[PDB]
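For reference, query-v3.cif (mmCIF, N, CA, C and O atoms):
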```cif
data_work
#
loop_
_atom_site.label_atom_id
_atom_site.label_comp_id
_atom_site.auth_asym_id
_atom_site.auth_seq_id
_atom_site.Cartn_x
_atom_site.Cartn_y
_atom_site.Cartn_z
N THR V 1 118.80 -13.04 -24.07
CA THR V 1 120.17 -12.71 -23.61
C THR V 1 121.20 -13.61 -24.29
O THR V 1 120.94 -14.79 -24.55
N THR V 2 122.37 -13.05 -24.57
CA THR V 2 123.45 -13.80 -25.22
C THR V 2 124.64 -13.96 -24.28
O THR V 2 124.97 -13.05 -23.52
N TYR V 3 125.28 -15.12 -24.33
CA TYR V 3 126.43 -15.40 -23.48
C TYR V 3 127.65 -15.76 -24.33
O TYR V 3 127.52 -16.31 -25.42
N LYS V 4 128.84 -15.44 -23.82
CA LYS V 4 130.08 -15.73 -24.52
C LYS V 4 131.04 -16.53 -23.65
O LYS V 4 131.01 -16.43 -22.42
N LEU V 5 131.88 -17.33 -24.30
CA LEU V 5 132.84 -18.16 -23.59
C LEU V 5 134.23 -18.05 -24.21
O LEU V 5 134.38 -18.20 -25.43
N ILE V 6 135.23 -17.79 -23.38
CA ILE V 6 136.60 -17.68 -23.85
C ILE V 6 137.40 -18.93 -23.51
O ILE V 6 137.73 -19.18 -22.36
N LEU V 7 137.70 -19.72 -24.54
CA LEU V 7 138.45 -20.96 -24.36
C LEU V 7 139.94 -20.74 -24.61
O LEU V 7 140.34 -20.29 -25.69
N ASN V 8 140.76 -21.07 -23.62
CA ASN V 8 142.20 -20.92 -23.73
C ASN V 8 142.91 -22.22 -23.39
O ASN V 8 143.07 -22.57 -22.22
N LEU V 9 143.34 -22.95 -24.42
CA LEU V 9 144.03 -24.21 -24.22
C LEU V 9 145.53 -24.07 -24.49
O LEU V 9 146.01 -22.98 -24.82
N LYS V 10 146.26 -25.16 -24.33
CA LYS V 10 147.72 -25.17 -24.54
C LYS V 10 148.13 -24.35 -25.76
O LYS V 10 148.97 -23.45 -25.66
N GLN V 11 147.54 -24.64 -26.91
CA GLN V 11 147.86 -23.92 -28.14
C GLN V 11 146.62 -23.73 -29.01
O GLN V 11 146.48 -24.38 -30.05
N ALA V 12 145.74 -22.83 -28.60
CA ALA V 12 144.51 -22.54 -29.35
C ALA V 12 143.56 -21.68 -28.53
O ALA V 12 143.48 -21.80 -27.31
N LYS V 13 142.83 -20.80 -29.21
CA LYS V 13 141.88 -19.92 -28.56
C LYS V 13 140.57 -19.85 -29.34
O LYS V 13 140.51 -19.25 -30.41
N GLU V 14 139.53 -20.49 -28.80
CA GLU V 14 138.23 -20.50 -29.46
C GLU V 14 137.17 -19.83 -28.58
O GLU V 14 137.27 -19.84 -27.36
N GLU V 15 136.17 -19.24 -29.22
CA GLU V 15 135.09 -18.56 -28.50
C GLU V 15 133.76 -19.26 -28.71
O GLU V 15 133.35 -19.51 -29.85
N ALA V 16 133.08 -19.55 -27.61
CA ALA V 16 131.77 -20.21 -27.67
C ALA V 16 130.68 -19.23 -27.27
O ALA V 16 130.85 -18.46 -26.33
N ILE V 17 129.56 -19.27 -27.98
CA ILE V 17 128.45 -18.37 -27.67
C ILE V 17 127.10 -19.02 -27.94
O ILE V 17 127.02 -20.04 -28.63
N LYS V 18 126.06 -18.44 -27.37
CA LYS V 18 124.71 -18.97 -27.53
C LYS V 18 123.68 -17.97 -27.01
O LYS V 18 123.89 -17.31 -25.99
N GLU V 19 122.56 -17.85 -27.72
CA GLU V 19 121.50 -16.93 -27.33
C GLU V 19 120.35 -17.68 -26.66
O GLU V 19 119.69 -18.51 -27.28
N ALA V 20 120.12 -17.37 -25.39
CA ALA V 20 119.04 -18.01 -24.63
C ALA V 20 118.33 -17.01 -23.74
O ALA V 20 118.77 -15.86 -23.59
N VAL V 21 117.22 -17.44 -23.14
CA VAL V 21 116.44 -16.58 -22.26
C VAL V 21 116.87 -16.72 -20.80
O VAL V 21 116.11 -16.39 -19.89
N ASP V 22 118.09 -17.22 -20.58
CA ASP V 22 118.60 -17.40 -19.23
C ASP V 22 120.06 -17.84 -19.27
O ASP V 22 120.72 -17.76 -20.31
N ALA V 23 120.57 -18.31 -18.13
CA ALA V 23 121.95 -18.76 -18.04
C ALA V 23 122.04 -20.28 -18.04
O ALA V 23 122.94 -20.87 -18.64
N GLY V 24 121.09 -20.93 -17.36
CA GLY V 24 121.08 -22.38 -17.30
C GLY V 24 121.25 -23.01 -18.66
O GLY V 24 121.85 -24.08 -18.80
N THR V 25 120.72 -22.34 -19.68
CA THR V 25 120.81 -22.83 -21.05
C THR V 25 122.17 -22.48 -21.65
O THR V 25 122.67 -23.19 -22.52
N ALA V 26 122.77 -21.40 -21.16
CA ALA V 26 124.08 -20.97 -21.64
C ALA V 26 125.18 -21.80 -21.00
O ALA V 26 126.14 -22.20 -21.66
N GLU V 27 125.04 -22.07 -19.70
CA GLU V 27 126.02 -22.86 -18.97
C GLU V 27 126.04 -24.30 -19.49
O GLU V 27 127.07 -24.79 -19.95
N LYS V 28 124.89 -24.96 -19.41
CA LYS V 28 124.77 -26.34 -19.87
C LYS V 28 125.21 -26.47 -21.32
O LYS V 28 125.87 -27.45 -21.69
N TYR V 29 124.87 -25.48 -22.14
CA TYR V 29 125.25 -25.50 -23.55
C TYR V 29 126.75 -25.24 -23.70
O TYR V 29 127.43 -25.92 -24.47
N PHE V 30 127.25 -24.28 -22.93
CA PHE V 30 128.68 -23.95 -22.97
C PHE V 30 129.49 -25.15 -22.49
O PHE V 30 130.51 -25.50 -23.08
N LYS V 31 129.02 -25.77 -21.41
CA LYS V 31 129.69 -26.94 -20.85
C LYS V 31 129.81 -28.05 -21.89
O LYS V 31 130.79 -28.80 -21.90
N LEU V 32 128.81 -28.17 -22.77
CA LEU V 32 128.81 -29.19 -23.80
C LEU V 32 129.88 -28.91 -24.86
O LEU V 32 130.54 -29.82 -25.35
N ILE V 33 130.05 -27.63 -25.20
CA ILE V 33 131.04 -27.24 -26.20
C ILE V 33 132.43 -27.15 -25.58
O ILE V 33 133.43 -27.50 -26.21
N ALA V 34 132.49 -26.69 -24.34
CA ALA V 34 133.76 -26.56 -23.63
C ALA V 34 134.41 -27.93 -23.45
O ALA V 34 135.50 -28.18 -23.96
N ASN V 35 133.73 -28.81 -22.72
CA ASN V 35 134.23 -30.15 -22.47
C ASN V 35 134.49 -30.89 -23.78
O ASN V 35 135.45 -31.66 -23.89
N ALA V 36 133.63 -30.67 -24.77
CA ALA V 36 133.77 -31.33 -26.07
C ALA V 36 135.00 -30.81 -26.83
O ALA V 36 135.53 -31.50 -27.69
N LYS V 37 135.43 -29.60 -26.50
CA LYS V 37 136.59 -29.00 -27.15
C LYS V 37 137.84 -29.14 -26.30
O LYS V 37 138.94 -29.25 -26.82
N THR V 38 137.67 -29.12 -24.98
CA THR V 38 138.79 -29.24 -24.06
C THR V 38 138.38 -30.00 -22.80
O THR V 38 137.25 -30.46 -22.68
N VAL V 39 139.31 -30.12 -21.86
CA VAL V 39 139.05 -30.82 -20.61
C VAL V 39 139.95 -30.30 -19.49
O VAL V 39 140.42 -31.08 -18.65
N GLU V 40 140.19 -29.00 -19.48
CA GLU V 40 141.04 -28.38 -18.46
C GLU V 40 141.04 -26.86 -18.60
O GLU V 40 141.17 -26.33 -19.71
N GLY V 41 140.91 -26.17 -17.48
CA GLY V 41 140.91 -24.72 -17.50
C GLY V 41 140.33 -24.12 -16.24
O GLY V 41 139.80 -24.83 -15.39
N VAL V 42 140.42 -22.80 -16.12
CA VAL V 42 139.90 -22.09 -14.96
C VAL V 42 138.57 -21.44 -15.30
O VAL V 42 138.52 -20.45 -16.04
N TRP V 43 137.51 -22.01 -14.77
CA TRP V 43 136.17 -21.54 -15.00
C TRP V 43 135.92 -20.19 -14.33
O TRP V 43 136.01 -20.07 -13.10
N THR V 44 135.61 -19.18 -15.13
CA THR V 44 135.35 -17.84 -14.62
C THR V 44 134.22 -17.19 -15.42
O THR V 44 133.86 -17.66 -16.49
N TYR V 45 133.67 -16.10 -14.89
CA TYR V 45 132.59 -15.39 -15.58
C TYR V 45 132.71 -13.88 -15.40
O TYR V 45 132.89 -13.39 -14.29
N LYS V 46 132.60 -13.16 -16.51
CA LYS V 46 132.69 -11.71 -16.49
C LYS V 46 131.30 -11.09 -16.37
O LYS V 46 130.38 -11.44 -17.13
N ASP V 47 131.15 -10.19 -15.40
CA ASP V 47 129.88 -9.52 -15.16
C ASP V 47 129.77 -8.24 -15.99
O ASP V 47 130.51 -7.28 -15.77
N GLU V 48 128.84 -8.25 -16.94
CA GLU V 48 128.61 -7.11 -17.82
C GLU V 48 127.74 -7.51 -19.00
O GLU V 48 126.62 -7.04 -19.16
N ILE V 49 128.27 -8.42 -19.82
CA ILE V 49 127.54 -8.92 -20.97
C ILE V 49 127.28 -10.42 -20.85
O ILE V 49 126.97 -11.09 -21.83
N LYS V 50 127.42 -10.94 -19.62
CA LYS V 50 127.21 -12.36 -19.36
C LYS V 50 128.18 -13.21 -20.16
O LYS V 50 127.90 -13.60 -21.30
N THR V 51 129.34 -13.51 -19.57
CA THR V 51 130.34 -14.32 -20.26
C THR V 51 131.16 -15.15 -19.28
O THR V 51 131.45 -14.73 -18.17
N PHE V 52 131.55 -16.35 -19.73
CA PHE V 52 132.36 -17.25 -18.93
C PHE V 52 133.67 -17.56 -19.64
O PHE V 52 133.78 -17.36 -20.85
N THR V 53 134.66 -18.04 -18.90
CA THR V 53 135.95 -18.36 -19.50
C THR V 53 136.61 -19.55 -18.82
O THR V 53 136.39 -19.81 -17.63
N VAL V 54 137.44 -20.27 -19.57
CA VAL V 54 138.16 -21.43 -19.06
C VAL V 54 139.62 -21.39 -19.52
O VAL V 54 139.94 -21.72 -20.67
N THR V 55 140.50 -20.96 -18.63
CA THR V 55 141.92 -20.85 -18.96
C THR V 55 142.72 -22.02 -18.39
O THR V 55 142.69 -22.29 -17.19
N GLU V 56 143.44 -22.72 -19.27
CA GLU V 56 144.25 -23.86 -18.86
C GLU V 56 145.71 -23.45 -18.67
O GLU V 56 146.40 -23.25 -19.69
#
```

In structure tokens, how does this file's structure come out?
Amino acid sequence: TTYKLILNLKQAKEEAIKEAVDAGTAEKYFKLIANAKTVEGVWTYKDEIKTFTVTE
């Protein structure tokens, strides 16, 4: 399964993704790229293709 992440900061929009056999690997992995790229936003997840988002 593949997961996607929509990063929305003050002035920039980046997308994070990763292919794993679950979510725990996508969340922990996403959290590493998210926090490493930003430090503020609204954590959300879209039900359909497995995706999370963080809007600041």

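When only C-alpha atoms are used to compute distances to residue V:12, the closest of the residues V:38, V:43, V:24, V:29 turns out to be V:38.
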
| query | If you count only C-alpha atoms, which residues fall within 10 Å of residue V:44, apart from same-chain ones fewer than 5 positions away, as a VMD selection string? | reply | chain V and resid 5 to 6 51 to 55

| remark: Residue with the minimum atom-to-atom distance to residue V:1, picked from V:34, V:16, V:21, V:42 with all atoms listed in the file counted, is V:21

| query | Do you have the atom CA of residue V:4-atom C of residue V:17 distance handy? | reply | 5.6 Å

| query | Could you write out, as an MDAnalysis selection string, all the residues of stretch 2-54 of chain V that DSSP marks as alpha helix (DSSP H)? | reply | chainID V and resid 24:37

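Compared by their closest atoms to residue V:19, and using all atoms listed in the file, the residues V:56, V:2, V:35, V:45 rank with V:2 nearest.
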
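Note that the spacing between atom C of residue V:39 and atom CA of residue V:18 amounts to 20.6 Å.
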
| request: Would you mind reading off the distance between atom CA of residue V:13 and atom CA of residue V:48, one decimal, in Å? | output: 21.3 Å

Provide stretch 14-53 of chain V of the preceding structure as a file containing N, CA and C atoms, as a CSV table (one decimal), in the first residue's frame.
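Contents of the output file part.csv:
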```csv
chain,number,residue,atom,x,y,z
V,14,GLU,N,4.7,21.0,-0.5
V,14,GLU,CA,5.5,19.8,-0.8
V,14,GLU,C,4.6,18.5,-0.5
V,15,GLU,N,4.9,17.5,-1.3
V,15,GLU,CA,4.1,16.2,-1.1
V,15,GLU,C,5.1,15.1,-0.7
V,16,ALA,N,4.7,14.4,0.4
V,16,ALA,CA,5.5,13.3,0.9
V,16,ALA,C,4.8,12.0,0.7
V,17,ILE,N,5.5,10.9,0.3
V,17,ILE,CA,4.9,9.6,0.0
V,17,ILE,C,5.8,8.5,0.4
V,18,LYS,N,5.3,7.3,0.5
V,18,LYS,CA,6.1,6.1,0.8
V,18,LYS,C,5.2,4.9,0.7
V,19,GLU,N,5.9,3.8,0.2
V,19,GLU,CA,5.2,2.5,-0.1
V,19,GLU,C,5.5,1.5,1.0
V,20,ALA,N,4.5,1.1,1.8
V,20,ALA,CA,4.7,0.2,2.9
V,20,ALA,C,3.5,-0.8,2.9
V,21,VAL,N,3.7,-1.8,3.8
V,21,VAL,CA,2.7,-2.9,3.9
V,21,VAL,C,1.7,-2.5,5.1
V,22,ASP,N,1.7,-1.3,5.4
V,22,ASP,CA,0.8,-0.8,6.5
V,22,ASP,C,0.8,0.7,6.6
V,23,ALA,N,0.2,1.2,7.8
V,23,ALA,CA,0.2,2.6,8.0
V,23,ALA,C,1.3,3.1,9.0
V,24,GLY,N,1.5,2.2,10.0
V,24,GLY,CA,2.5,2.5,11.0
V,24,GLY,C,3.8,3.0,10.4
V,25,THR,N,4.1,2.4,9.3
V,25,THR,CA,5.4,2.7,8.6
V,25,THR,C,5.2,4.0,7.8
V,26,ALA,N,4.0,4.3,7.4
V,26,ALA,CA,3.7,5.5,6.6
V,26,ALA,C,3.6,6.7,7.5
V,27,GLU,N,3.0,6.5,8.7
V,27,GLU,CA,2.9,7.6,9.6
V,27,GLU,C,4.2,8.0,10.2
V,28,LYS,N,4.9,7.0,10.8
V,28,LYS,CA,6.2,7.2,11.4
V,28,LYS,C,7.2,7.8,10.4
V,29,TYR,N,7.1,7.3,9.1
V,29,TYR,CA,7.9,7.8,8.1
V,29,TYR,C,7.5,9.2,7.7
V,30,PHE,N,6.2,9.4,7.5
V,30,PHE,CA,5.7,10.7,7.2
V,30,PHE,C,6.1,11.7,8.2
V,31,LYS,N,5.9,11.3,9.5
V,31,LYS,CA,6.2,12.2,10.6
V,31,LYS,C,7.7,12.7,10.6
V,32,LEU,N,8.5,11.8,10.1
V,32,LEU,CA,10.0,12.1,10.0
V,32,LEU,C,10.2,13.2,8.9
V,33,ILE,N,9.5,13.1,7.8
V,33,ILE,CA,9.7,14.0,6.7
V,33,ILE,C,8.9,15.3,7.0
V,34,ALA,N,7.7,15.2,7.6
V,34,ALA,CA,6.9,16.3,7.9
V,34,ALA,C,7.6,17.2,8.9
V,35,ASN,N,7.9,16.7,10.1
V,35,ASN,CA,8.6,17.5,11.1
V,35,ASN,C,9.9,18.0,10.6
V,36,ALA,N,10.6,17.2,9.8
V,36,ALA,CA,11.9,17.6,9.3
V,36,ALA,C,11.8,18.7,8.3
V,37,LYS,N,10.6,18.8,7.7
V,37,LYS,CA,10.3,19.9,6.7
V,37,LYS,C,9.6,21.1,7.3
V,38,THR,N,8.7,20.8,8.3
V,38,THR,CA,8.0,21.8,8.9
V,38,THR,C,7.8,21.5,10.4
V,39,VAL,N,7.0,22.4,11.1
V,39,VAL,CA,6.7,22.2,12.5
V,39,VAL,C,5.4,22.8,12.9
V,40,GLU,N,4.4,22.8,12.1
V,40,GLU,CA,3.1,23.4,12.3
V,40,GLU,C,2.1,23.0,11.2
V,41,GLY,N,0.9,22.7,11.6
V,41,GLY,CA,-0.1,22.3,10.6
V,41,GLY,C,-1.2,21.5,11.2
V,42,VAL,N,-2.3,21.3,10.4
V,42,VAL,CA,-3.4,20.6,10.8
V,42,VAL,C,-3.4,19.1,10.3
V,43,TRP,N,-3.1,18.2,11.2
V,43,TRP,CA,-3.0,16.8,10.8
V,43,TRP,C,-4.3,16.2,10.4
V,44,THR,N,-4.4,15.8,9.2
V,44,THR,CA,-5.7,15.2,8.7
V,44,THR,C,-5.4,14.0,7.8
V,45,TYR,N,-6.4,13.2,7.5
V,45,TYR,CA,-6.2,12.0,6.6
V,45,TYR,C,-7.4,11.8,5.7
V,46,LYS,N,-7.2,11.6,4.4
V,46,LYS,CA,-8.2,11.3,3.5
V,46,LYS,C,-8.4,9.8,3.3
V,47,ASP,N,-9.7,9.4,3.4
V,47,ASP,CA,-10.1,8.0,3.3
V,47,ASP,C,-10.4,7.7,1.8
V,48,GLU,N,-9.5,6.9,1.2
V,48,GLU,CA,-9.7,6.5,-0.2
V,48,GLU,C,-8.4,5.8,-0.7
V,49,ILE,N,-7.4,6.6,-0.8
V,49,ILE,CA,-6.1,6.1,-1.2
V,49,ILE,C,-5.0,6.2,-0.1
V,50,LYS,N,-5.5,6.3,1.1
V,50,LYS,CA,-4.6,6.4,2.3
V,50,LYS,C,-3.7,7.6,2.2
V,51,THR,N,-4.1,8.7,2.7
V,51,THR,CA,-3.3,10.0,2.6
V,51,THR,C,-3.6,10.9,3.8
V,52,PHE,N,-2.5,11.5,4.3
V,52,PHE,CA,-2.6,12.5,5.4
V,52,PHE,C,-2.2,13.9,4.9
V,53,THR,N,-2.5,14.9,5.7
V,53,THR,CA,-2.2,16.3,5.4
V,53,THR,C,-1.9,17.1,6.6
```
